[PDB]
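Below is one structure, written out as structure tokens, with a few remarks after it.
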Amino acid sequence: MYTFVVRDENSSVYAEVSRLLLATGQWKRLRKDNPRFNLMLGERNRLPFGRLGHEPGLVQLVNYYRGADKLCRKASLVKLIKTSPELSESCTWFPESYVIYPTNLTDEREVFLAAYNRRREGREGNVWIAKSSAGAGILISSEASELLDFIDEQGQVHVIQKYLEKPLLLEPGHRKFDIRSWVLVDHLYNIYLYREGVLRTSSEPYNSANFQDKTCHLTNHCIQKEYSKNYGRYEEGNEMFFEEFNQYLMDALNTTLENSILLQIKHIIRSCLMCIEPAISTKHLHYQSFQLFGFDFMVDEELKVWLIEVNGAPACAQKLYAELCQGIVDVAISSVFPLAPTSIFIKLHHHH
Amino acid sequence: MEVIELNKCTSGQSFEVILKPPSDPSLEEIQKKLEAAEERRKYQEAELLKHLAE
Amino acid sequence: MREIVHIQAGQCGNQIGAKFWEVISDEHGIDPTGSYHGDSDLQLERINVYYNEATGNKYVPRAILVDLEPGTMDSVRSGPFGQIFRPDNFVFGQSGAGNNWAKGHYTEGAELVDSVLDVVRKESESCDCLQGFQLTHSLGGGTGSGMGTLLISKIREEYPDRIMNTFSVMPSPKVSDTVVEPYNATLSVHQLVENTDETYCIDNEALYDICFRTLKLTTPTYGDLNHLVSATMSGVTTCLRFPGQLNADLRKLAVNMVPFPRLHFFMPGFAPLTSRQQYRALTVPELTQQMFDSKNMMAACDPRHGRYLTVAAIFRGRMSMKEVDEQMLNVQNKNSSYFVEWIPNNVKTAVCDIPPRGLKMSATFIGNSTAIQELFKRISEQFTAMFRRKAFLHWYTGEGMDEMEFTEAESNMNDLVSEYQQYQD
Amino acid sequence: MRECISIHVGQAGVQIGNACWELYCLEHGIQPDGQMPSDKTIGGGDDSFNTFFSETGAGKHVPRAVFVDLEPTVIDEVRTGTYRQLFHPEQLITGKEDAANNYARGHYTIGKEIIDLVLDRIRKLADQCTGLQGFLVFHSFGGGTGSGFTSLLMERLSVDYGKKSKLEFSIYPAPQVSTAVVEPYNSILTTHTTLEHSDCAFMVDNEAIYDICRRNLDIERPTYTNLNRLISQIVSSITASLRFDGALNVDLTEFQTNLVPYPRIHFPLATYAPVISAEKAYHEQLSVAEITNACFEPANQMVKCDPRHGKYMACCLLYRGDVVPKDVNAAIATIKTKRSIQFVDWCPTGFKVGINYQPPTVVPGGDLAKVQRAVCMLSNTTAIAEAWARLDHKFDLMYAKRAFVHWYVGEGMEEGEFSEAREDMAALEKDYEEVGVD
Ligand SMILES: Nc1nc2c(ncn2[C@@H]2O[C@H](COP(=O)(O)OP(=O)(O)OP(=O)(O)O)[C@@H](O)[C@H]2O)c(=O)[nH]1
Ligand SMILES: Nc1ncnc2c1ncn2[C@@H]1O[C@H](COP(=O)(O)OP(=O)(O)CP(=O)(O)O)[C@@H](O)[C@H]1O
Ligand SMILES: Nc1nc2c(ncn2[C@@H]2O[C@H](COP(=O)(O)OP(=O)(O)O)[C@@H](O)[C@H]2O)c(=O)[nH]1
Ligand SMILES: Fc1ccc(CNCc2ccccc2)cc1
Ligand SMILES: Fc1ccc(CNCc2ccccc2)cc1
Ligand SMILES: [Ca+2]
Ligand SMILES: [Ca+2]
Ligand SMILES: [Ca+2]
Ligand SMILES: [Mg+2]
Ligand SMILES: [Mg+2]
Ligand SMILES: [Mg+2]
């Protein structure tokens, strides 16, 4: 009989894992403050890692990796990529980004202008996009004056990265999209990629001559279901699954999803998680960690995959909650606390 | 990776390696604490003896 | 040298006390005449805790036998180990207490109390560093209940900073002598709430149910009930009588077991309890499961009806100290809904190498559970059923008491219940 | 030569002190009767070992130590033990009854009645010193004497010896080897009143020592003898520079100079390697690189915590045995290229290294195996604040209900001292977050 506590009631993912754990008749839930737990479904912010692994005789496991924010913060991910020799500033799959602190507070203001002034003179496309983790607030513009003036009007760290002006557009529609891949890293630091991804598509025709109307450039589910007028026309809920996206690539470009995109996705996921492994691994620690990650990618018209961001507390597509959450229990929880396939994951083998 | 101040003797040696440069109560006050606590104990005990005498 | 002065008062108090000294005297190798005839130095390591060393290597219990009638103490003096007691330590009267708390506390007992204190004083003066006192008594009679609590109040006046520990037999209508037992028990609980530091609640009904249902005794007797109290007293005092870690003095026990001064009434327990399938070895899991099972508890309170504030467990014998820690953490980590979570690590375990006579190993359980409130609810209910009609009160008002004194004792016991109920939530 | 007086308070301090002085004697060739043949200057001398040992006309080398316990049973062991002849009676001080795990009892009730006596016994040792450096104070956090009397003793020492350094070796409470529920109270009360009196304190978590004994020594259920012998090795590595020829940490002042940038942040993390079981058929002797890399494994730390998620303010490497500077720097290079070693911007990213050629001594028949080389790393990391958080959390759970508070108030302590002490620990935790986090 195992015990777990719930410290994030808003997690739609672990609400199901918690629902499944109880349904097994071999797990029991305790008050959120009871320390005699085997498994912690912890809070998103200020998770008390320092109190784990100090209960005599209790193998304790938590659903977050201490230190993973270095990957799931806009500014942290930029600093991690430019400063890590494994990733380097020559990293070919991450957009040219810069950390920019508002003038009311290191910083990369001048370096951005140097590269910016370089594109303007070379007749090249010089459209950027500024954003921050403290947003629901995004601004796309080809003028450097508007990007920096927008960050000074705020008060949190921002990052300006090159806007992919030549994205891959689905047909019919001429519309943008992004790809969300779910990744589970277990206590042994095996990287598991869930076999089911989803594309969050824009129901509006892409328009490179008007960044003011941000409905055809941003593919977020809330923006499309609120400010877009063609929501749910092509695919149900602006969500297209891999089976359809793969068939489309075969009929249109005569290529498969595995060859043209998935190989680069699996490479980016491996590169990022292997980089921070020495810093976050719980191999020789007094407690164990696993975490579910949501990687967001962009695909350009050359079939090159770009990394957008990494989410540390990701939600899931409605149609995939069941399969994925059961997978979490199998390889992440029951692997440490066994009960009394054809795995839904793809192990990305690496040199620990 | 620099080494400085290497000191060597018969029973060992010591040195320093730099990898990167940077960027009370008086005796009287204590006596009061102790005697204040002792007095509070005597007050509590006197109340108990009073309770018992009743 | 942390000596303890033992006092036994009244019929129940002296019969249970007699068996206690009989049991531990055997464990320490002391024969009925006080002479030592053991074979292990562990039997003398802490022997001075309960025994005074007289001339000729004789060991005399540091015990005082008190009663208002001679009958029961004549039995002790003619019992198995009767010769072992210091003759001067028999203090008795002739009139008796008639199962009347007021006689033990105000009239008959008052006349005799000063000579009891003279003996307590003598025993204390012969202690290098007195730890405190333990008293065996019942709450439903007159001498052990009434005079017993009177002694405690007068001992507190003279040794206010020493520990006062009691083994208190709670009455039950199932093992009853008179209808006034709820009266006497409620008046005593009032004293105990205020003037003891630790009270082991021994419910005669739980002792009966154990003898009947578990031990398969068709007709249990006081003698059978007292065998369980002997084994329990031997178990709870094992930490004091044999070389045990954590020092284990009554003052450290109270500090770590009593988070609130009034809530100092413990549920004791013992394993094994086997019926004559008695030669079988008992594994550590079995010891632990039984020790935590309600059927093995002497207070007749279902621990699942409340929560544990603190728990002490003493294992005796040569066993796997690793396997003990595993099973103790297993019982905790499998029922953590019955342990308050605002007292970290409130379950402590101690091991002793010397097992009880005739057992390869055993476990004694000491629990401070809010489920003990059900014992006081029982007494309160029985008390009010009679007191609302003022039935049998004349036995008490005839000795000078007023009804008000009953109303106050009742209110304090019901307050104790409410206090347990608030920490259970 | 400058003298250091060691003070052992309570059961933990005394028994740990017992283990250390056993080791000191074996390291310096001193016999239980007090004789030291290798000492050619009879009845005196100003050698390195004389900082910890005085000498009589008869050639007896006497520890400069005071053992203090409010109960006699633990110190009675020393009085009749193997090393009874090392100490004279004035050095062993015992009371009648202990503090019952009650900080307030050891500090106020009992402490008030024995403090002047302990100072007078300490004053006697000080009169034998031509240049006293300071004091090393061993005690537990959880015991009533270890917590309560120690804080009182530290305040008095600052009054009588204002210009003297004071180091602590403090045992952090672990439930696996303790039957005391109130130790979180005692730990925070004693840290509050001792904080401004301690220049440098080495916390040893019994949980860490316990797991090292089970994992590396294959002891299923370790005893206090197993724990203290391992603790004395670490203590010996830390005090070796004061007792032997050398140039690093040569006086108690240097521990603060090298390990403490701010007065309140004076709790360095200790890490020790290697710990090898003596019952091993035969072990593969570890190199300088392997034992140095091991100084960044949490399983060898005296306090379980994750330095990867803190910042370093100082780092000391203390090697004993076959170790030359060349192999040390080679190992350090390999560690900065694999470990997460984040220093604060206002501190140099570096390591002070000390090497003593004499390999660690091991008590005959003990649990530890003879190793050709060993190291103890002393690093000031913000990650050690994890141990304050754990302790402060347990404190808050009980104090919210006022559980056990009546025992402390009953000894004359005012309830407000609880919250005053707790608020000071809250301040300490904030100081670590300001230094470590961005
Ligand atoms: N490492 C180690 N810890 C010990 C030792 N003895 C006691 N402890 C720890 O110290 C704490 C209890 O405090 P003690 O030192 O025994 O108590 P005290 O200082 O003698 O004070 P009193 O309450 O008066 O007895 C517990 O956390 C024990 O685990 C020891 O020999 N070695
Ligand atoms: N460098 C870039 N080039 C092109 N488009 C970009 C871009 N950066 C962001 N986008 C657009 O913005 C969207 C992703 O925004 P982002 O993920 O940074 O915000 P967010 O984190 O609040 C949403 P999420 O829930 O996925 O974390 C994508 O749909 C993408 O089309
Ligand atoms: N367990 C046990 N209970 C007893 C014994 N003798 C009496 N009692 C109980 O104690 C109460 C009677 O008190 P008693 O000791 O006889 O009165 P006293 O002599 O005036 O103190 C009743 O509740 C009895 O059930 C005994 O030997 N063993
Ligand atoms: F286990 C016990 C159960 C009940 C009792 C009380 N009855 C004792 C008795 C019975 C008949 C004649 C005389 C006395 C005592 C012990
Ligand atoms: F550890 C201790 C805890 C509590 C106490 C209080 N003793 C009260 C008392 C003394 C004598 C007779 C009756 C009551 C004493 C020590
Ligand atoms: Ca008369
Ligand atoms: Ca000399
Ligand atoms: Ca000072
Ligand atoms: Mg995001
Ligand atoms: Mg009777
Ligand atoms: Mg002690």
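Here, A, B, ... name the chains of the structure tokens in the order displayed, residue numbers run from 1 inside each chain, and ligands are numbered from 1 in the same displayed order.
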#### Entry: Residue contacts of residue 300 of chain A (8 Å, only C-alpha atoms) excluding same-chain residues fewer than 2 positions away, as a PyMOL selection string
chain A and resi 164+166-168+298+302-306
At a cut-off of 10 Å and counting only C-alpha atoms and all ligand atoms, what residues surround ligand 9? Please answer as a short mmCIF file (atom, residue, chain, number, x, y, z; two decimals) with N, CA and C atoms, in the first residue's frame.
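Everything below was put into part.cif:
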data_model
loop_
_atom_site.label_atom_id
_atom_site.label_comp_id
_atom_site.auth_asym_id
_atom_site.auth_seq_id
_atom_site.Cartn_x
_atom_site.Cartn_y
_atom_site.Cartn_z
N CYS A 72 12.60 25.75 -18.82
CA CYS A 72 11.21 26.12 -19.05
C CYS A 72 10.94 27.60 -18.80
N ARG A 73 11.98 28.41 -18.65
CA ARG A 73 11.85 29.86 -18.56
C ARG A 73 12.41 30.47 -19.84
N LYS A 74 11.67 31.43 -20.41
CA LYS A 74 12.09 32.06 -21.66
C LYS A 74 13.53 32.55 -21.57
N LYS A 131 8.65 38.68 -26.19
CA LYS A 131 7.70 38.00 -25.31
C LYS A 131 8.34 37.83 -23.93
N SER A 132 7.54 37.32 -23.00
CA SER A 132 8.00 37.08 -21.64
C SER A 132 7.16 35.98 -21.01
N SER A 133 7.72 35.34 -19.98
CA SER A 133 7.02 34.25 -19.30
C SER A 133 5.83 34.74 -18.48
N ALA A 134 5.81 36.02 -18.11
CA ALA A 134 4.73 36.61 -17.32
C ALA A 134 3.51 37.00 -18.16
N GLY A 135 3.32 36.37 -19.32
CA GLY A 135 2.18 36.69 -20.15
C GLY A 135 1.08 35.64 -20.13
N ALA A 136 -0.11 35.99 -20.63
CA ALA A 136 -1.24 35.07 -20.64
C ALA A 136 -0.93 33.81 -21.43
N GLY A 294 6.40 19.59 -21.87
CA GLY A 294 5.73 19.91 -23.11
C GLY A 294 6.62 20.76 -24.00
N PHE A 295 7.22 20.13 -25.01
CA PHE A 295 8.04 20.84 -25.98
C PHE A 295 7.18 21.41 -27.10
N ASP A 296 7.45 22.67 -27.46
CA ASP A 296 6.74 23.35 -28.53
C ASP A 296 7.73 23.66 -29.65
N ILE A 308 10.71 26.29 -29.88
CA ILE A 308 10.06 27.52 -29.44
C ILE A 308 10.30 27.70 -27.95
N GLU A 309 9.78 26.78 -27.14
CA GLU A 309 9.93 26.84 -25.70
C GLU A 309 9.67 25.45 -25.12
N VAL A 310 9.92 25.33 -23.82
CA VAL A 310 9.64 24.10 -23.08
C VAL A 310 8.78 24.46 -21.88
N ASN A 311 7.66 23.76 -21.72
CA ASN A 311 6.74 23.98 -20.61
C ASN A 311 6.92 22.89 -19.56
N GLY A 312 7.03 23.30 -18.30
CA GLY A 312 7.29 22.38 -17.21
C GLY A 312 6.04 21.85 -16.52
N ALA A 313 4.91 22.52 -16.73
CA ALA A 313 3.63 22.10 -16.17
C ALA A 313 2.60 22.01 -17.28
N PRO A 314 2.87 21.22 -18.32
CA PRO A 314 2.01 21.23 -19.50
C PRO A 314 0.69 20.52 -19.27
#
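Interface residues of chain A facing chain D, defined by any atom at most 8 Å away and using only C-alpha atoms, are residues 50, 51, 56, 67, 278, 279, 284, 285 and 286 of chain A.
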Worksheet item: Residues within 12 Å of ligand 11 (only C-alpha atoms and all ligand atoms), as a PyMOL selection string?
Response: (chain C and resi 245-249+252) or (chain D and resi 8-15+68-75+94-103+106+139-149+180)
Just N, CA and C atoms for this one: save the residues we selected as a short mmCIF file (atom, residue, chain, number, x, y, z; two decimals), in the first residue's frame.
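So the final result, stored in out23.cif, reads:
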data_model
loop_
_atom_site.label_atom_id
_atom_site.label_comp_id
_atom_site.auth_asym_id
_atom_site.auth_seq_id
_atom_site.Cartn_x
_atom_site.Cartn_y
_atom_site.Cartn_z
N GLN C 245 19.18 2.07 26.24
CA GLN C 245 19.69 3.32 25.70
C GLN C 245 18.78 4.49 26.07
N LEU C 246 19.02 5.65 25.45
CA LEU C 246 18.27 6.88 25.71
C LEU C 246 18.09 7.15 27.20
N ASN C 247 19.00 6.63 28.04
CA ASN C 247 18.88 6.77 29.49
C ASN C 247 17.57 6.20 30.00
N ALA C 248 16.45 6.81 29.60
CA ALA C 248 15.13 6.30 29.95
C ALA C 248 14.81 6.56 31.42
N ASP C 249 14.65 7.83 31.78
CA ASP C 249 14.15 8.21 33.09
C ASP C 249 12.73 8.75 32.94
N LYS C 252 12.26 12.27 31.22
CA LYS C 252 12.36 12.33 29.76
C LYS C 252 11.15 11.69 29.10
N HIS D 8 33.28 19.63 25.88
CA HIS D 8 32.28 18.65 25.47
C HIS D 8 31.10 18.72 26.43
N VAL D 9 29.91 19.00 25.89
CA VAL D 9 28.72 19.28 26.68
C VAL D 9 27.66 18.24 26.36
N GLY D 10 27.08 17.64 27.40
CA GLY D 10 26.01 16.67 27.22
C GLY D 10 26.53 15.33 26.74
N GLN D 11 25.59 14.38 26.62
CA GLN D 11 25.94 13.02 26.24
C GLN D 11 26.65 12.98 24.89
N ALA D 12 26.05 13.61 23.87
CA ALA D 12 26.64 13.57 22.54
C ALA D 12 28.03 14.19 22.54
N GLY D 13 28.16 15.38 23.13
CA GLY D 13 29.47 16.02 23.18
C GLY D 13 30.51 15.16 23.89
N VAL D 14 30.13 14.55 25.01
CA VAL D 14 31.08 13.76 25.79
C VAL D 14 31.52 12.52 25.02
N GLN D 15 30.56 11.77 24.48
CA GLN D 15 30.90 10.53 23.80
C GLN D 15 31.65 10.79 22.50
N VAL D 68 31.61 18.16 30.40
CA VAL D 68 30.54 18.68 31.25
C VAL D 68 29.24 17.97 30.90
N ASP D 69 28.61 17.37 31.90
CA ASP D 69 27.29 16.78 31.73
C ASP D 69 26.51 16.94 33.03
N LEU D 70 25.22 17.24 32.90
CA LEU D 70 24.36 17.44 34.06
C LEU D 70 23.96 16.12 34.73
N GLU D 71 24.25 14.99 34.09
CA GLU D 71 24.05 13.66 34.62
C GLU D 71 25.38 12.91 34.62
N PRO D 72 25.65 12.07 35.63
CA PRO D 72 26.99 11.49 35.76
C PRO D 72 27.24 10.24 34.94
N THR D 73 26.20 9.58 34.41
CA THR D 73 26.38 8.23 33.88
C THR D 73 27.31 8.20 32.67
N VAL D 74 27.31 9.24 31.85
CA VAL D 74 28.12 9.20 30.63
C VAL D 74 29.58 9.50 30.95
N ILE D 75 29.84 10.51 31.78
CA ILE D 75 31.22 10.84 32.12
C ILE D 75 31.84 9.81 33.05
N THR D 94 30.24 16.62 36.42
CA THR D 94 28.94 15.96 36.30
C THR D 94 27.98 16.46 37.36
N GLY D 95 26.71 16.60 36.97
CA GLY D 95 25.65 16.94 37.89
C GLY D 95 24.89 15.71 38.38
N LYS D 96 23.76 15.98 39.04
CA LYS D 96 22.97 14.92 39.65
C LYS D 96 21.87 14.39 38.74
N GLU D 97 21.15 15.27 38.05
CA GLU D 97 20.09 14.83 37.14
C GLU D 97 20.07 15.75 35.93
N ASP D 98 19.73 15.18 34.78
CA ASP D 98 19.92 15.84 33.50
C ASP D 98 18.80 16.85 33.24
N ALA D 99 18.79 17.43 32.04
CA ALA D 99 17.82 18.44 31.66
C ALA D 99 16.57 17.86 31.01
N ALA D 100 16.47 16.53 30.90
CA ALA D 100 15.26 15.87 30.43
C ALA D 100 14.86 16.34 29.03
N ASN D 101 15.85 16.58 28.16
CA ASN D 101 15.59 17.02 26.79
C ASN D 101 14.87 18.36 26.75
N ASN D 102 15.09 19.20 27.76
CA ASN D 102 14.36 20.46 27.91
C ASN D 102 15.37 21.59 27.88
N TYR D 103 15.45 22.29 26.74
CA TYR D 103 16.35 23.42 26.61
C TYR D 103 16.24 24.35 27.82
N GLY D 106 18.02 22.92 30.96
CA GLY D 106 19.46 22.98 30.90
C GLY D 106 20.01 24.40 30.92
N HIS D 139 28.61 19.46 21.08
CA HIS D 139 27.32 19.29 21.74
C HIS D 139 26.30 18.85 20.71
N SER D 140 25.17 18.34 21.20
CA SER D 140 24.04 18.05 20.33
C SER D 140 23.08 19.23 20.32
N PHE D 141 22.27 19.30 19.26
CA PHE D 141 21.19 20.28 19.21
C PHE D 141 19.99 19.85 20.04
N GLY D 142 19.72 18.55 20.11
CA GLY D 142 18.47 18.05 20.66
C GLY D 142 18.44 17.77 22.15
N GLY D 143 19.59 17.48 22.74
CA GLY D 143 19.64 17.25 24.17
C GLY D 143 19.35 18.52 24.96
N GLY D 144 18.79 18.33 26.16
CA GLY D 144 18.52 19.47 27.02
C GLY D 144 19.80 20.14 27.49
N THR D 145 20.82 19.35 27.82
CA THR D 145 22.11 19.90 28.20
C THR D 145 22.88 20.39 26.98
N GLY D 146 22.96 19.55 25.94
CA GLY D 146 23.67 19.94 24.74
C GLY D 146 23.16 21.24 24.14
N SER D 147 21.86 21.49 24.23
CA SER D 147 21.29 22.71 23.67
C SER D 147 21.24 23.84 24.69
N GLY D 148 20.68 23.55 25.87
CA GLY D 148 20.45 24.54 26.90
C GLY D 148 21.69 25.04 27.61
N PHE D 149 22.53 24.15 28.15
CA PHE D 149 23.72 24.62 28.85
C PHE D 149 24.75 25.20 27.89
N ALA D 180 13.53 11.50 21.05
CA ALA D 180 13.10 12.79 21.59
C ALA D 180 12.28 13.53 20.54
#
With 12 Å as the cut-off and only C-alpha atoms counted, what is the closest atom pair between each nearby residue of chain C and chain B? Distances in Å to one decimal, ordered by chain and number, as a tab-separated table.
residue	atom	partner	partner_atom	distance
C:150	CA	B:52	CA	11.2
C:152	CA	B:52	CA	11.2
C:153	CA	B:52	CA	7.5
C:154	CA	B:52	CA	8.3
C:155	CA	B:52	CA	10.7
C:156	CA	B:52	CA	8.6
C:157	CA	B:49	CA	6.6
C:158	CA	B:49	CA	9.6
C:159	CA	B:49	CA	11.1
C:160	CA	B:45	CA	8.0
C:161	CA	B:45	CA	9.2
C:191	CA	B:52	CA	11.8
C:194	CA	B:48	CA	10.7
C:195	CA	B:52	CA	10.4
Selection within 12 Å of ligand 8 by only C-alpha atoms and all ligand atoms, output as a PDB file with N, CA and C atoms, in the first residue's frame:
ATOM      1  N   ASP B  24      27.051  42.168  22.451  1.00  0.00           N
ATOM      2  CA  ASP B  24      26.786  40.961  23.223  1.00  0.00           C
ATOM      3  C   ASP B  24      26.349  41.305  24.643  1.00  0.00           C
ATOM      4  N   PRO B  25      25.638  40.382  25.291  1.00  0.00           N
ATOM      5  CA  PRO B  25      25.135  40.650  26.643  1.00  0.00           C
ATOM      6  C   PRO B  25      26.239  40.576  27.687  1.00  0.00           C
ATOM      7  N   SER B  26      26.191  41.507  28.633  1.00  0.00           N
ATOM      8  CA  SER B  26      27.191  41.578  29.683  1.00  0.00           C
ATOM      9  C   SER B  26      26.936  40.514  30.748  1.00  0.00           C
TER      10      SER B  26
ATOM     11  N   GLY D 134      41.308  29.924  21.470  1.00  0.00           N
ATOM     12  CA  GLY D 134      39.862  29.892  21.622  1.00  0.00           C
ATOM     13  C   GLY D 134      39.399  28.517  22.053  1.00  0.00           C
ATOM     14  N   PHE D 135      38.153  28.201  21.706  1.00  0.00           N
ATOM     15  CA  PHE D 135      37.506  26.996  22.198  1.00  0.00           C
ATOM     16  C   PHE D 135      36.847  26.230  21.061  1.00  0.00           C
ATOM     17  N   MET D 154      28.257  29.509  26.054  1.00  0.00           N
ATOM     18  CA  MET D 154      28.807  30.344  24.990  1.00  0.00           C
ATOM     19  C   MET D 154      28.703  31.826  25.334  1.00  0.00           C
ATOM     20  N   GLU D 155      27.571  32.249  25.898  1.00  0.00           N
ATOM     21  CA  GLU D 155      27.425  33.646  26.295  1.00  0.00           C
ATOM     22  C   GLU D 155      28.471  34.031  27.333  1.00  0.00           C
ATOM     23  N   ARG D 156      28.660  33.186  28.350  1.00  0.00           N
ATOM     24  CA  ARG D 156      29.654  33.481  29.377  1.00  0.00           C
ATOM     25  C   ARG D 156      31.064  33.502  28.799  1.00  0.00           C
ATOM     26  N   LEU D 157      31.361  32.598  27.860  1.00  0.00           N
ATOM     27  CA  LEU D 157      32.695  32.576  27.267  1.00  0.00           C
ATOM     28  C   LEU D 157      32.981  33.865  26.507  1.00  0.00           C
ATOM     29  N   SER D 158      31.969  34.423  25.840  1.00  0.00           N
ATOM     30  CA  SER D 158      32.159  35.704  25.167  1.00  0.00           C
ATOM     31  C   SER D 158      32.407  36.827  26.163  1.00  0.00           C
ATOM     32  N   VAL D 159      31.849  36.717  27.370  1.00  0.00           N
ATOM     33  CA  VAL D 159      32.076  37.725  28.402  1.00  0.00           C
ATOM     34  C   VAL D 159      33.479  37.599  28.979  1.00  0.00           C
ATOM     35  N   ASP D 160      33.874  36.383  29.361  1.00  0.00           N
ATOM     36  CA  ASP D 160      35.166  36.199  30.012  1.00  0.00           C
ATOM     37  C   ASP D 160      36.328  36.198  29.024  1.00  0.00           C
ATOM     38  N   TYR D 161      36.124  35.690  27.812  1.00  0.00           N
ATOM     39  CA  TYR D 161      37.173  35.606  26.793  1.00  0.00           C
ATOM     40  C   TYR D 161      36.705  36.334  25.534  1.00  0.00           C
ATOM     41  N   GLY D 162      36.534  37.652  25.635  1.00  0.00           N
ATOM     42  CA  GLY D 162      35.950  38.399  24.532  1.00  0.00           C
ATOM     43  C   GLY D 162      36.736  38.309  23.238  1.00  0.00           C
ATOM     44  N   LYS D 163      38.062  38.200  23.329  1.00  0.00           N
ATOM     45  CA  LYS D 163      38.934  38.221  22.161  1.00  0.00           C
ATOM     46  C   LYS D 163      39.377  36.824  21.732  1.00  0.00           C
ATOM     47  N   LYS D 164      38.558  35.806  21.987  1.00  0.00           N
ATOM     48  CA  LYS D 164      38.897  34.424  21.677  1.00  0.00           C
ATOM     49  C   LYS D 164      37.878  33.838  20.712  1.00  0.00           C
ATOM     50  N   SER D 165      38.371  33.096  19.722  1.00  0.00           N
ATOM     51  CA  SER D 165      37.492  32.431  18.772  1.00  0.00           C
ATOM     52  C   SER D 165      36.799  31.239  19.424  1.00  0.00           C
ATOM     53  N   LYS D 166      35.596  30.940  18.940  1.00  0.00           N
ATOM     54  CA  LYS D 166      34.829  29.793  19.409  1.00  0.00           C
ATOM     55  C   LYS D 166      34.269  29.056  18.203  1.00  0.00           C
ATOM     56  N   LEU D 167      34.649  27.793  18.053  1.00  0.00           N
ATOM     57  CA  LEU D 167      34.105  26.925  17.021  1.00  0.00           C
ATOM     58  C   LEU D 167      33.149  25.912  17.642  1.00  0.00           C
ATOM     59  N   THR D 194      22.891  31.155  20.596  1.00  0.00           N
ATOM     60  CA  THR D 194      24.302  30.888  20.342  1.00  0.00           C
ATOM     61  C   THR D 194      24.826  31.581  19.093  1.00  0.00           C
ATOM     62  N   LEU D 195      23.937  31.996  18.188  1.00  0.00           N
ATOM     63  CA  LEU D 195      24.353  32.402  16.847  1.00  0.00           C
ATOM     64  C   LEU D 195      25.425  33.484  16.889  1.00  0.00           C
ATOM     65  N   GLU D 196      25.166  34.568  17.615  1.00  0.00           N
ATOM     66  CA  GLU D 196      26.127  35.662  17.686  1.00  0.00           C
ATOM     67  C   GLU D 196      27.368  35.322  18.503  1.00  0.00           C
ATOM     68  N   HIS D 197      27.449  34.133  19.097  1.00  0.00           N
ATOM     69  CA  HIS D 197      28.604  33.765  19.904  1.00  0.00           C
ATOM     70  C   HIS D 197      29.523  32.755  19.233  1.00  0.00           C
ATOM     71  N   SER D 198      29.132  32.199  18.092  1.00  0.00           N
ATOM     72  CA  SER D 198      29.895  31.162  17.411  1.00  0.00           C
ATOM     73  C   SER D 198      30.485  31.742  16.133  1.00  0.00           C
ATOM     74  N   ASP D 199      31.808  31.644  15.987  1.00  0.00           N
ATOM     75  CA  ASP D 199      32.464  32.157  14.791  1.00  0.00           C
ATOM     76  C   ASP D 199      32.392  31.175  13.630  1.00  0.00           C
ATOM     77  N   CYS D 200      32.318  29.877  13.918  1.00  0.00           N
ATOM     78  CA  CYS D 200      32.244  28.868  12.870  1.00  0.00           C
ATOM     79  C   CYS D 200      31.738  27.574  13.486  1.00  0.00           C
ATOM     80  N   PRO D 263      29.163  37.091   9.240  1.00  0.00           N
ATOM     81  CA  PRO D 263      29.140  36.444  10.566  1.00  0.00           C
ATOM     82  C   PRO D 263      28.029  35.419  10.749  1.00  0.00           C
ATOM     83  N   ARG D 264      26.803  35.710  10.299  1.00  0.00           N
ATOM     84  CA  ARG D 264      25.696  34.785  10.539  1.00  0.00           C
ATOM     85  C   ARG D 264      25.795  33.532   9.676  1.00  0.00           C
TER      86      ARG D 264
END
